[PDB]
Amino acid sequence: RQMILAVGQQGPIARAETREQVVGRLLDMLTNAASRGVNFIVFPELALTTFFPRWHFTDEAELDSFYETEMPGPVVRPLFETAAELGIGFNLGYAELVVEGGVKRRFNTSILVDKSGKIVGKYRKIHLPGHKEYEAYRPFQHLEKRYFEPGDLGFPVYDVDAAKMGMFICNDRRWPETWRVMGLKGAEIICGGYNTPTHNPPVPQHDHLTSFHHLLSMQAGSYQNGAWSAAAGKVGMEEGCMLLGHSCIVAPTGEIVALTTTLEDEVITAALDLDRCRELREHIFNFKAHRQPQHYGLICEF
């Protein structure tokens, strides 16, 4: 009923930093996580590679090298082996390539792994940000819509050891719908990671609100659904692109209870009461008492 939640923030991953190098970095973050007494740690979106959707690819073989064809492969396996050894669970983001009768399916994926090292849940990015094709004016591209298709798992909630946990990935956190769907399935924790450049070329006049919009999204989603949340970022200057920091853990009230201060690998932790959620969900946001879904229909029209 009580647990210790952590965020394993990563600094940049170089274009040619090997998965084995990154697993080692992830491995140390468990280390620091036992030291602050942690039960579950959340790692970033696409946490095994540089953020490749910044580049416009012409060579398919090159592109595929940034995806996982299994999870875990021999390279990533030490990450799991160690989880089952120390008994800490985690949320890991990666690029998932599946081949279905010769057809390649491309997903921005995150999984939930338990004290025992078992994959107990998967999510696939539903809200894919960025643009459809190459744009010369931009210092970097954001080509997620080309390199991934929108996820086909919906927004599920899973038991992970003691807790009901939902997953979001990156831009997902900006949609109230992401949170509401998992709120409606009783998520106690909603977690995921992100890569959020501090510069947006189409709308550079919002650059100085990057931290603001990021924090506003977490605080509001948490509050509105009485859920704990954690956001693990890949942060700092990666391949000449500055990524937003401010990885955080948020209480069901919307209060930020942990915040990272560096642009490097950083473990933050927070003490988690799974019944705290009831301060909102059995009261001001008592759904059975207060929501009027009959009057929300337009939201689900398509």
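Residue indices: 1-based, along the sequence shown.
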Mean Cα B-factor comparison, 272 to 280 or 253 to 261, giving the higher one as deposited: 272 to 280
103 to 111 versus 74 to 82 - which carries the larger mean C-alpha B factor in the record: 74 to 82
Residue of maximum C-alpha B factor among 177, 161, 149, 188, per deposited coordinates: 161
Of the residues 200, 171, 217, 116, the one carrying the largest Cα B-factor as recorded: 116
Chain-wide C-alpha B factor ranking for residue 266, given as lowest, middle or highest third: middle
Where the record places residue 32 (Cα B-factor, split into thirds across the chain): highest
Residue 208 CA temperature factor, ranked by third within the chain: middle
Position of residue 155 among the chain's modelled residues by C-alpha B-factor, lowest, middle or highest third: lowest
Third of the chain, ranked by Cα B-factor, where residue 54 sits: highest
